[PDB]
Amino acid sequence: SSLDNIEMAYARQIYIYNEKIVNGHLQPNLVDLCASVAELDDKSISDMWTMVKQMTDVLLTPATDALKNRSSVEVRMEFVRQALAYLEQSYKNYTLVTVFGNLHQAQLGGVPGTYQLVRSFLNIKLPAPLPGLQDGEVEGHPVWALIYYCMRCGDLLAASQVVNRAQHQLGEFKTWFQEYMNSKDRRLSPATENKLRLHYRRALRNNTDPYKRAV
Amino acid sequence: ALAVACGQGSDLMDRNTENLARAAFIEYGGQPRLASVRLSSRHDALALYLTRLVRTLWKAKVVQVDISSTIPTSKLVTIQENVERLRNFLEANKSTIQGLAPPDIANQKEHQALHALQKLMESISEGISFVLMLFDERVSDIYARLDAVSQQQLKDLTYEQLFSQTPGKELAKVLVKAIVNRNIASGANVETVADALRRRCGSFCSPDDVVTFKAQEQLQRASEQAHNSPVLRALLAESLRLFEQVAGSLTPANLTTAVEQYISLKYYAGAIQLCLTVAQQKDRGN
């Protein structure tokens with residue numbers, strides 16, 4: 001036999017998918033039929049199929065041409081959101097294994113709230129305070145670090161909670177952020193979007209707080 | 001004059017007054033002489049001022065056992081600030097004050113006496129920083145997970161002993177070695193508590209201990225993440241890197257605690273490699 005262990009397992013899964021269509025049955029999820037073998041290998045492959053499923057799990061127009069779906073601005077927009085949701089969740093798992101030694105170890109004690117996780121993530125990745133931070137701290141951590149890694153993990157709510165406890169320090173950023181969390185597609189209104197960009201460009205193009213720049 | 005030069009009375013022109021006070025401390029401080037030597041009035045003045053800054057501390061017990069501190073923290077801060085401003089004053093005038101710079105037997109013992117006082121000042125500041133660090137944690141928690149002899153030694157530890165006697169230094173080295181252990185259980189931040197102990201109370205902390213603390217950090221946090229599969233092989237592998245660096249300086253008590261944890265995490269082959277490495281670095285010449 002010329003098929004390696006992995007290849008053979010895939011063949012069997014493709015036989016099922018064929019047996020289903022040959023007997024007229026329900027068209028099963030191919031992506032699921034392939035990830036079934038991935039778990040038998042290292043996670044290098046499992047995390048791939050996870051990306052494949054999430055990048056292909058977009059509302060499509062059945063019985064429509066391939067080129068048309070991929071040219072439509074409608075579909076092209078959802079791809080960006082599905083990827084961002086993968087990069088955010090993927091990073092969220094990196095933040096767990098960074099605090100706890102094993103995913104299992106984190107689970108038994110219970111996944112903490114994205115806020116407390118991020119806080120327990122800042123402890124490690126910045127043990128000493130950087131002298132260039134701005135806008136003070138919040139419960140022992142720089143306010144901008146919390147906002148960034150919360151947005152990076154994809155929990156805008158956890159980030160907005162941080163903002164609510166620093167209303168006086170952050171200035172007008174509150175009304176701007178609260179609009180970003182509300183507006184869909186992660187975009188602000190052109191008027192308000194113009195107000196903040198010009199302010200940042202005005203005197204904050206080079207600020208000593210990198211987290212502030214990023215957000 | 002020394003006190004005014006250090007800003008005392010200024011809680012009430014002021015630069016010129018402090019500069020005049022400096023001039024009086026230098027010009028009229030006298031000099032050392034053979035009578036066994038008689039040190040200068042400048043030396044006795046420095047000893048008198050320093051003593052009065054710490055008179056409420058010296059003979060007092062550090063702690064009161066629910067353990068707490070004998071001296072309020074706010075008082076320890078002001079005392080430390082006063083000691084540091086005195087030190088800052090001596091450094092900024094190391095070239096103009098007689099006896100600070102190195103220089104016949106009279107001026108010799110004058111230099112030695114002044115040097116000893118300055119070493120006590122930095123030791124006082126380190127000692128105070130250590131006590132403040134201690135009570136920032138949860139001492140009662142640390143005090144519970146402690147042996148009786150060390151509880152008793154801490155019970156009757158005075159500030160004098162902490163500042164000027166080896167047992168205070170040895171006990172201080174035990175407490176720091178214990179607080180970090182506890183800090184890892186809380187697990188807020190290891191590398192911040194590191195840089196805290198590394199610099200301020202240096203000469204009492206050891207850089208080979210913080211790297212060890214960094215190793216025991218990943219070890220305990222590898223036991224925290226123990227349920228996860230792919231996160232440990234980075235924690236345990238990096239803990240192993242940290243241990244092998246301080247191999248020529250690991251205590252048998254730590255090396256054991258490391259191997260004990262490695263076995264819990266089925267990290268057999270790795271733990272063997274650490275012990276073998278610690279061996280070679282204790283005896284390189286074979």
# chains A, B, ... in the order shown; residues from 1 in each chain; ligands from 1

call {"tool": "closest_atom_pairs", "arguments": {"of": "chain B", "to": "chain A", "cutoff": "6 Å", "atoms": "only C-alpha atoms", "output": "Markdown table"}}
result
| residue | atom | partner | partner_atom | distance |
| --- | --- | --- | --- | --- |
| B:188 | CA | A:123 | CA | 5.5 |
| B:189 | CA | A:123 | CA | 4.3 |
| B:191 | CA | A:127 | CA | 4.4 |
| B:192 | CA | A:127 | CA | 3.6 |
| B:221 | CA | A:101 | CA | 5.7 |
| B:222 | CA | A:101 | CA | 4.4 |
| B:224 | CA | A:100 | CA | 5.4 |
| B:225 | CA | A:101 | CA | 3.0 |
| B:226 | CA | A:105 | CA | 4.7 |
| B:227 | CA | A:104 | CA | 3.4 |
| B:228 | CA | A:102 | CA | 2.3 |
| B:229 | CA | A:102 | CA | 5.1 |
| B:231 | CA | A:102 | CA | 4.7 |
| B:232 | CA | A:101 | CA | 4.7 |

call {"tool": "select_by_dssp", "arguments": {"residues": "chain A", "states": "alpha helix (DSSP H)", "output": "MDAnalysis selection string"}}
result
chainID A and resid 5:22 30:38 43:56 66:71 73:99 103:109 114:125 143:153 156:164 167:170 173:182 190:203 210:214

call {"tool": "select_by_dssp", "arguments": {"residues": "region 43-266 of chain B", "states": "strand (DSSP E or B)", "output": "tab-separated table (two decimals) with C-alpha atoms, in the first residue's frame"}}
result
chain	number	residue	atom	x	y	z
B	61	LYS	CA	10.92	44.20	67.13
B	63	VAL	CA	6.82	42.28	63.77
B	64	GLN	CA	3.99	41.74	66.25
B	68	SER	CA	1.65	42.69	61.80
B	69	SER	CA	4.43	45.30	61.84
B	158	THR	CA	14.92	43.50	65.93
B	202	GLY	CA	20.38	44.17	45.98
B	205	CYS	CA	19.09	39.45	47.11

call {"tool": "atom_distance", "arguments": {"atom1": "CA of residue 92 (chain A)", "atom2": "CA of residue 171 (chain A)"}}
result
28.7 Å

call {"tool": "residues_around", "arguments": {"residues": "residue 2 (chain B)", "least_positions_apart": "2", "cutoff": "7 Å", "atoms": "only C-alpha atoms", "output": "list in words"}}
result
residues 4, 5, 6, 21, 22 and 25 of chain B

call {"tool": "write_last_selection", "arguments": {"atoms": "C-alpha atoms", "output": "PDB file, in the first residue's frame"}}
result
ATOM      1  CA  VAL B   4      19.791  71.812  57.845  1.00  0.00           C
ATOM      2  CA  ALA B   5      22.037  70.903  54.906  1.00  0.00           C
ATOM      3  CA  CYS B   6      19.826  67.830  54.403  1.00  0.00           C
ATOM      4  CA  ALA B  21      24.863  74.810  56.430  1.00  0.00           C
ATOM      5  CA  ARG B  22      27.030  72.666  54.141  1.00  0.00           C
ATOM      6  CA  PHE B  25      29.613  71.317  58.299  1.00  0.00           C
TER       7      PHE B  25
END

call {"tool": "closest_residue", "arguments": {"among": "A:156, A:67, A:151, A:33", "to": "residue 15 (chain A)", "atoms": "only C-alpha atoms"}}
result
A:33

call {"tool": "decode", "arguments": {"residues": "region 143-168 of chain A", "atoms": "C-alpha atoms", "output": "tab-separated table (two decimals), in the first residue's frame"}}
result
chain	number	residue	atom	x	y	z
A	143	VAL	CA	-5.29	51.20	31.11
A	144	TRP	CA	-4.18	50.99	27.47
A	145	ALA	CA	-2.58	47.55	27.80
A	146	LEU	CA	-5.87	46.15	29.12
A	147	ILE	CA	-7.85	47.74	26.28
A	148	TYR	CA	-5.53	46.37	23.59
A	149	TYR	CA	-5.22	42.75	24.72
A	150	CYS	CA	-8.96	42.69	25.45
A	151	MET	CA	-9.69	43.84	21.90
A	152	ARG	CA	-7.02	41.41	20.67
A	153	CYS	CA	-8.84	38.55	22.41
A	154	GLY	CA	-12.03	39.86	20.79
A	155	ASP	CA	-13.97	40.76	23.96
A	156	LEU	CA	-14.94	44.38	23.35
A	157	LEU	CA	-17.20	44.26	26.41
A	158	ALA	CA	-14.26	43.38	28.67
A	159	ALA	CA	-12.41	46.33	27.14
A	160	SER	CA	-15.33	48.73	27.65
A	161	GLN	CA	-15.52	47.74	31.32
A	162	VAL	CA	-11.91	48.91	31.62
A	163	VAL	CA	-12.92	52.23	30.07
A	164	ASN	CA	-15.80	52.65	32.53
A	165	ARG	CA	-13.41	52.58	35.49
A	166	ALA	CA	-11.15	55.27	33.95
A	167	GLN	CA	-13.76	57.74	32.70
A	168	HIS	CA	-11.92	60.78	34.10
